[PDB]
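Only one chain is given next, in structure tokens, and it is the form deposited in one PDB entry.
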């Protein structure tokens, strides 16, 4: 492996939880509030906080666009 490819791999594993959960929280779901969706999460606290923060902030953004 080239070092370029090594860093690529190391990066993918850094903060992965925050990464997927934040992204998930940020994707729309007009059916449900951030708290309703967050309630169903069965991953850890790191995940729940990131999901919630990202959902809430992304919702404000989309609201400020009105």
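Numbering follows the first chain given and starts at 1. Rigid core (definition): largest C-alpha set, two forms, superposition within 1.5 Å.
There is another form of this protein, the form solved in complex with a partner chain, and it is not shown here; the text below is about that form.
- Mapping the unseen interface onto this chain, residue 47 counts among the residues with a heavy atom inside 4.5 Å of its partner chain in the deposited bound form.
- Using a 4.5 angstroms limit between non-hydrogen atoms, residue 58 is distant from its partner chain in the deposited bound form.
- Relative to the superposed core, residue 43 undergoes a C-alpha shift smaller than 2 Å between the shown form and the other one.
- Remark: with the core as the superposition reference, the CA shift of residue 11 between the shown form and the other one reaches 2 Å or more.
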